[PDB]
Each structure stands twice: as structure tokens, then as C-alpha cells.
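Heavy atoms only: backbone and side chains are in, while hydrogens, waters and symmetry mates are out. All chains are named by letter (A, B, ...) in the order of the sequence lines, taking the proteins before the strands, and each is independently numbered beginning at 1.
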Amino acid sequence: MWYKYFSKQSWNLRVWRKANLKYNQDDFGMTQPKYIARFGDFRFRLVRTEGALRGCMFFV
Amino acid sequence: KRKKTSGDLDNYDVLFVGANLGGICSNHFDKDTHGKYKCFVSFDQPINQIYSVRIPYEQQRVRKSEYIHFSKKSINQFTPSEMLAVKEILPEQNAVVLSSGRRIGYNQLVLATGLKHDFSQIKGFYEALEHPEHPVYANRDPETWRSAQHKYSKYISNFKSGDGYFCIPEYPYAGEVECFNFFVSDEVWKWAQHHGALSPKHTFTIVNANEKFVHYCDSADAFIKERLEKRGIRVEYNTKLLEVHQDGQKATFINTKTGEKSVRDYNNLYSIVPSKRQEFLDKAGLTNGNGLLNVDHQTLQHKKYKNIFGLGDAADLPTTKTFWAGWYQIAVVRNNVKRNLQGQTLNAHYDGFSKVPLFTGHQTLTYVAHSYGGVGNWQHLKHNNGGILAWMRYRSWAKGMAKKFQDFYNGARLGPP
Ligand SMILES: CCCCCCCCCCCCCCCCCC(=O)OC[C@H](COP(=O)([O-])OCC(O)COP(=O)([O-])OC[C@@H](COC(=O)CCCCCCCCCCCCCCCCC)OC(=O)CCCCCCCCCCCCCCCCC)OC(=O)CCCCCCCCCCCCCCCCC
Ligand SMILES: NC(=O)c1ccc[n+]([C@@H]2O[C@H](COP(=O)([O-])OP(=O)(O)OC[C@H]3O[C@@H](n4cnc5c(N)ncnc54)[C@H](O)[C@@H]3O)[C@@H](O)[C@H]2O)c1
């Protein structure tokens with residue numbers, strides 16, 4: 001009965017690969033501007049997040 | 001120095017009905033006459049959205065503060081104003097009664113009521129637009145949204161799959177070319193089909209109630225249908241959106257040609273808000289046919305009741321109801337009204353010029369400019385296939401036009417000439 005003692009207040013986040021899926025990336029961050037062109041759209045399509053993209057460009 | 005004119009009067013000499021184009025005309029009227037006349041303005045809505053930058057607004061090249069403007073800002077401080085719509089108009093008596101019930105007299109009447117939006121023409125459409133998650137999108141934002149609601153910009157982004165419909169209401173409707181975003185979405189949705197963001201089994205069709213896209217300019221209307229075929233977009237004419245079911249995402253369309261209605265599943269619905277003819281303009285015997293003002297095409301003066309004028313969208317003029325058309329309609333109204341206050345003749349003629357950008361790509365556009373006879377100028381349909389020339393003209397309208405409407409309402413910058 002482990003679910004009986006599970007606390008649903010941890011449902012505030014949906015953590016997957018160290019990233020919160022309920023993150024409003026359409027209103028905050030580099031992904032907010034909708035006027036991005038084909039290159040910037042395909043780049044965000046690959047990484048799905050700005051935090052992962054910025055981390056890789058740091059070393060590149 | 002100058003004292004503000006009073007609003008608690010029984011009659012005036014000039015009366016402007018409207019704030020979008022009725023306010024800019026009054027601001028240009030007083031500055032030309034140096035405040036020799038006491039005029040009153042009576043609008044209906046407190047907020048004037050800048051639909052001329054609607055597409056750059058959906059692309060979030062324009063902040064919500066630069067797209068939302070109050071009606072009081074268009075009107076100057078010397079003239080009084082009141083947010084009360086007119087209940088009835090008596091042209092034979094030269095007086096106007098408001099919704100409150102106070103009769104106000106006038107000597108000259110300038111009607112700038114335009115085309116009033118009616119969300120009730122489509123059942124359940126407004127409630128599906130105000131919903132922050134439903135995929136029903138429209139041409140204007142509801143007034144119940146806060147500054148943190150950006151659903152308007154998710155029409156093109158959140159189109160992962162499903163059936164998409166772009167609905168055009170029955171003419172006359174507001175925002176004919178300035179709200180045509182099916183060319184910018186096609187280029188973005190082409191990218192989504194390349195890397196799998198958009199499902200390969202998706203449908204997008206343009207549901208147009210009218211027979212043509214641009215009624216008074218066949219040069220631009222032929223270009224649109226020619227480009228829609230080259231892009232691959234499917235169009236269905238004589239069909240208008242009738243009902244939106246928010247529960248199962250059902251959209252009731254009806255073919256006005258054959259009177260046949262159907263039910264279609266949708267996943268991304270965009271519709272230009274349909275207009276509605278105001279009944280009091282018919283009870284006073286000012287409109288004709290469709291419900292637009294019956295005025296002279298040259299001087300913008302009404303056929304009868306020579307003391308009554310009309311401009312903007314409410315006027316029945318064989319041209320595209322744009323905003324730049326209103327730049328050349330306020331110069332004629334403020335002139336002819338000045339001539340009737342002095343009994344002189346009317347030497348101001350309106351040639352029917354109207355200019356509206358047509359966004360042909362995500363970052364490119366071309367200008368739709370034409371005269372009364374549908375003939376275009378040197379700018380008409382130029383650099384229409386994209387390029388550096390089309391890209392530079394896009395950035396000047398997307399990033400540098402919304403900041404200009406602040407001066408238009410204040411009075412710092414006048415029209416193009
Ligand atoms: C020069 C010396 C060189 C020395 C050696 C250098 C080493 C060279 C080898 C290595 C190459 C560099 C590698 C860089 C990549 C590194 C990895 C990386 O960082 O990620 C990729 C990275 C991504 O960049 P980004 O920041 O993400 O892009 C911005 C947005 O994210 C993107 O947002 P978007 O995608 O949504 O939209 C982008 C764009 C939309 O863009 C597009 O859509 C266009 C795409 C068109 C694609 C067409 C494809 C065509 C295919 C080929 C042709 C077809 C075949 C032809 C066949 C012909 C047959 C022969 O929209 C815009 O509105 C653009 C903004 C306005 C334009 C700004 C331009 C600034 C230019 C300033 C200089 C002006 C000089 C003019 C002089 C002209 C004459 C020389 O790419 C780059 O870094 C590009 C290099 C930029 C370096 C900047 C530092 C230098 C500053 C510029 C030079 C200034 C002048 C200096 C000289 C002055 C005296 C002469
Ligand atoms: N895309 C759209 O839906 C849309 C809507 C409005 C304006 N526009 C753009 O703006 C241009 C000019 O706009 P416009 O001024 O002709 O229309 P408008 O709707 O912007 O102006 C009408 C004004 O009159 C007032 N009004 C309406 N009915 C009234 C009544 N009974 N009593 C008192 N006031 C009343 C309104 O409050 C408003 O201030 C248009 O050519 C178009 O380009 C677009």
C-alpha cells in the first residue's frame with residue numbers, strides 16, 4: 001500500500017531527464033519569441049530546451 | 001493658456017462618433033482650425049487594438065502594451081469625451097440621443113462607428129476563444145485576458161496535428177488583408193513537417209464564406225489565389241463557420257450557396273471575427289443594402305443630410321477598408337467639415353487609396369496598394385516572391401510600426417503626407 005502513503009504534493013513537477021516538463025517555455029526564455037526562423041526552430045527542436053543548448057554552446 | 005472645452009452642453013457644432021478614426025480626425029481637425037470650434041466625441045469601447053500589427057503581434061515582435069491602446073488616448077485633452085454609445089440619431093432634427101438618454105445637438109456629424117464585431121454570430125465561439133487551452137483562435141483578443149495570457153501566439157506553434165481551419169466571415173468584415181496569416185503559418189508549418197513536429201496526416205483548408213479574398217482589388221485577389229495554389233493550400237468558398245462545439249471539438253460549417261451544413265472535427269481553428277450592421281443606422285435611414293453608410297465616393301459626404309459625413313469601415317467605398325485608407329479619409333473629412341462650417345464649397349476629393357501589407361512569408365511581405373478603380377501604384381504587389389527587399393520592408397513594419405501608433409493617437413506624427 002505504498003501509494004496510500006504517497007504524497008501527491010510532489011506532483012507540482014514532472015521531472016524527466018533532470019528537466020521539469022511543466023515549464024512555460026512559450027512565455028519565458030529563448031524559446032519565447034515566436035518569430036524564430038528555420039535554423040533556430042530546428043535547433044530548439046533537437047534539444048527541446050534552452051538550458052541544454054546553452055550548456056553545450058558553453059564548451060563549443 | 002487655453003481652457004478645456006466643456007462636455008456638459010446641450011449642443012455642439014461638430015460631433016465625432018468613434019475613437020479609432022473618429023479621434024484622430026478630431027485631433028487633426030482642431031489643430032487645423034486652432035480650436036475655433038467645440039466638438040464632442042462619443043465612443044463605445046474603452047480599448048482600441050492595433051489590428052494593423054496583428055500578425056507581428058502573433059509572432060511576438062510586438063509587446064502587448066504596444067498592441068493595446070485606450071480610446072481616451074486618441075482624443076486630445078481640449079475636447080471632452082464619454083464612453084456611451086448612441087441609442088438613436090435624428091438627422092432631420094440635427095440631434096443625437098445617447099444610450100443614457102440625453103439629447104445632444106450638432107451642426108456637423110462625423111460617423112466613424114466602423115464594423116462592430118459580433119461574437120454571437122457563431123455559437124460558443126467566444127467562450128472557446130477565451131479558454132486558455134482550447135485550440136480555437138480568433139483575430140482579436142478578449143478583454144478578460146490579463147497581461148500574462150499569450151494564447152494568441154500559440155496558433156501557429158501548437159499545431160502538432162489534426163484538422164486546421166481558417167474561417168473568413170461574410171463580407172463586409174474588418175481586417176480583410178491585414179489579418180491574413182495563412183501565408184506565414186504555411187511556411188512555419190512546412191518546417192514542422194520536415195523534422196516531424198507536425199504530423200504527416202494533418203489537414204489545413206481556408207473556409208471562405210465569400211467568393212473572393214479581396215473584393216475591391218482584383219489584382220491582389222488574383223495574386224492570393226495564385227499563390228495559394230502554388231503553396232498547395234486548399235480553399236472552400238461559399239462556406240461560413242456557424243457553430244463551435246467546445247466539448248468534442250466539432251465545427252458546424254454551412255455552404256451558403258446550396259444551404260447545406262456539415263459537421264467537421266477540428267484541432268486548430270482560426271476565424272476572423274464577423275461584423276454586424278448596427279440597427280440604429282438603418283432606423284435613421286443612413287445605410288444602404290449591406291448596412292454601410294451611403295456617402296459620396298469623392299467628398300465622403302452623405303447623399304442626403306449634407307451635414308452628416310462618414311469614414312473608415314462604416315462607409316461604403318469601393319476600396320479596401322484598411323487603416324492607411326483612413327489616413328486619407330480624415331484629411332478629406334476634416335476639410336469638408338471645415339468648409340460646411342463656413343458654407344464654402346468642397347474641394348477635397350478622396351481618390352480611394354488604401355495600403356495594407358500582405359505577409360507572404362515568415363519574415364517577408366508585399367504591399368497591397370490600389371486606387372478606387374482597383375489600379376495599383378508602384379508598390380502594388382512588388383517584391384512578392386521574397387528576398388532582401390521584401391525582408392527589409394517586413395522589419396520596418398514589424399519592429400517599427402507599433403511604436404508609431406503612440407504618436408498617431410497623441411498627435412506627434414500625422415499621416416504619411
Ligand atoms: C569574416 C572573417 C572570417 C574569419 C574566419 C572566421 C572562421 C570562419 C570558419 C568558421 C565559420 C564560423 C562558425 C560559426 C558557428 C559556430 C557554432 C555556433 O555558434 O552555432 C551556430 C551559430 C548560430 O548563430 P545564432 O546566434 O544562433 O543566430 C542568431 C539567431 O539564433 C538566429 O535566429 P533565426 O534563425 O530565427 O533568424 C536568423 C535570420 C534569418 O536568416 C536566414 O533565414 C537566412 C538563411 C538563408 C540560407 C540560404 C542557404 C543558401 C545555401 C547556399 C547557397 C545555395 C547554392 C548557391 C550555388 C552558387 C553556385 C556557385 O533572421 C534575422 O533577422 C537576422 C538578424 C539580422 C541580420 C544580422 C546580420 C549581422 C551581419 C553583420 C555583418 C554585416 C556584413 C555585411 C557584409 C556583406 C558582404 C560581405 O552560427 C554563427 O555563429 C554564425 C557566425 C556568427 C559569428 C558572429 C561574430 C562575427 C560578427 C559578424 C561579422 C561582422 C563583420 C566583421 C568583418 C567586418 C569587416 C569586413
Ligand atoms: N481586423 C479588425 O477586426 C479591425 C477592427 C477595427 C479596426 N480595424 C482597423 O482599423 C481601421 C479603422 O478602424 P475603424 O475606426 O473604421 O473601426 P473601429 O471599430 O476601430 O472604430 C469604431 C469606434 O466607434 C465606436 N462605436 C461603434 N459603435 C458605436 C455606437 N453605436 N455608438 C458610439 N460609438 C460606437 C467604437 O467604440 C469605436 O471607438 C480599419 O480600416 C482596420 O484597418 C480592424
Side-chain angles (χ1 to χ4, degrees), chain B residues 3-30 33 35 37-49 69-120 143 174 275-288 291-295 300-302 304-315 326 329-330 333-334 337 340-341 409:
Chain B
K3 191 61 183 61
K4 179 184 182 306
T5 55
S6 176
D8 48 84
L9 297 182
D10 213 343
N11 47 15
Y12 299 84
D13 45 19
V14 188
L15 209 166
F16 296 92
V17 182
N20 187 21
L21 288 185
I24 305 178
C25 184
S26 60
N27 188 87
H28 287 2
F29 173 79
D30 285 65
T33 186
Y37 308 97
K38 42 180 184 297
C39 48
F40 186 81
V41 190
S42 64
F43 52 91
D44 193 14
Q45 59 189 10
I47 297 180
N48 299 330
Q49 305 186 12
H69 289 64
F70 292 157
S71 298
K72 291 292 186 61
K73 312 304 292 298
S74 60
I75 314 164
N76 48 7
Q77 58 186 8
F78 294 139
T79 65
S81 306
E82 166 168 283
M83 189 183 60
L84 280 184
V86 297
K87 184 167 60 63
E88 62 176 353
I89 299 181
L90 307 183
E92 298 275 53
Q93 304 182 10
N94 293 19
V96 171
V97 182
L98 305 180
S99 296
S100 58
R102 51 167 301 193
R103 172 190 290 261
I104 300 181
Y106 69 91
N107 174 267
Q108 294 296 330
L109 192 58
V110 182
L111 295 183
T113 56
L115 297 175
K116 194 176 186 182
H117 285 141
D118 192 357
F119 286 94
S120 60
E143 281 66 26
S275 61
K276 165 192 174 297
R277 52 189 303 169
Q278 313 191 48
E279 278 67 20
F280 75 97
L281 287 179
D282 303 58
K283 187 64 178 302
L286 307 181
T287 59
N288 61 322
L292 306 179
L293 264 57
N294 182 23
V295 308
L300 268 59
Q301 190 178 42
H302 198 276
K304 52 182 178 181
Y305 307 112
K306 272 66 61 179
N307 64 329
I308 300 183
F309 290 87
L311 81 178
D313 303 347
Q329 289 180 19
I330 57 181
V333 164
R334 77 179 179 86
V337 169
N340 287 21
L341 291 175
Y409 292 153

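Side-chain contact between B:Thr287 and B:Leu293: present, with at least one pair of heavy atoms (C-beta onward) separated by less than 4.5 Å. A heavy-atom distance below 4.5 Å is found between the side chains of B:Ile75 and B:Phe43. At a threshold of 4.5 Å between non-hydrogen side-chain atoms, the residues B:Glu143 and B:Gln49 count as touching. Looking at heavy atoms from C-beta onward, B:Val17 lies out of side-chain contact with B:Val96 at the 4.5 angstrom threshold. Using a 4.5 Å cut-off on side-chain heavy atoms (C-beta onward), B:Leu9 and B:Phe40 make no contact.
Among residue pairs with one or both ends in residues 100-110 of chain B, those qualifying as side-chain hydrogen bond (donor to acceptor under 3.5 Å, both in side chains) are B:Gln93-B:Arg103; sequence neighbours excluded. Applying the side-chain hydrogen bond (donor to acceptor under 3.5 Å, both in side chains) rule to pairs touching residues 8-22 of chain B yields B:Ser6-B:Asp8, B:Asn20-B:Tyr409, sequence neighbours excluded.
In this structure a side-chain-to-backbone donor-acceptor pair under 3.5 Å is missing from B:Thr5 to B:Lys38. Under a 3.5 Å cut-off, the side chain of B:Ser99 and the backbone N or O of B:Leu84 do not form any donor-acceptor pair. Between the B:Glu88 side chain and the B:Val97 main chain, no donor and acceptor come within less than 3.5 Å of each other.
The CZ atom of B:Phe309 sits 4.5 Å away from atom CG of B:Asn340, with the distance rounded to the nearest 0.5 Å. Distance NE2/B:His117 to OG/B:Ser275: 7.5 Å, rounded to 0.5 Å. To the nearest 0.5 Å, atoms CD (B:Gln278) and CG (B:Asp118) are separated by 10.5 Å.
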### Query
How far apart are the C-alpha atoms of B:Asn48 and B:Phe70, what are their side-chain angles, what is the distance that settles it, and do they pass the side chain to side chain contact (heavy atoms under 4.5 Å, CB included) test?
CA-CA 6 Å; B:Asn48 299 330; B:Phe70 292 157; over 6 Å; no
### Message
Set out, in order, the CA-CA distance, both residues' side-chain angles and the distance that settles side chain to side chain contact (heavy atoms under 4.5 Å, CB included) for B:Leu286 and B:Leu111, then state yes or no.
### Response
CA-CA 10 Å; B:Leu286 307 181; B:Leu111 295 183; 4.1 Å; yes
### Message
Please determine whether side chain to side chain contact (heavy atoms under 4.5 Å, CB included) holds for the pair B:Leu98 and B:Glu82, giving the CA-CA distance in whole Å, both sets of side-chain angles, and the decisive distance to 0.1 Å.
### Response
CA-CA 10 Å; B:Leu98 305 180; B:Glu82 166 168 283; 3.2 Å; yes
### Task
Take B:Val337 and B:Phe29 through the side chain to side chain contact (heavy atoms under 4.5 Å, CB included) test and state the conclusion after the steps.
CA-CA 9 Å; B:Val337 169; B:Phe29 173 79; 3.9 Å; yes
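Here the shortest heavy-atom pairing between B:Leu21 and B:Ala112 reads C-CB, 4.3 Å.
The salt bridge (charged side-chain N to carboxylate O under 4.0 Å, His left out) test applied to B:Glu279 returns B:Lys276, not counting sequence neighbours.
Surrounding NZ of B:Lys87 are more than 12 heavy atoms belonging to other residues, nucleotides or ligands, all under 6.0 Å away.
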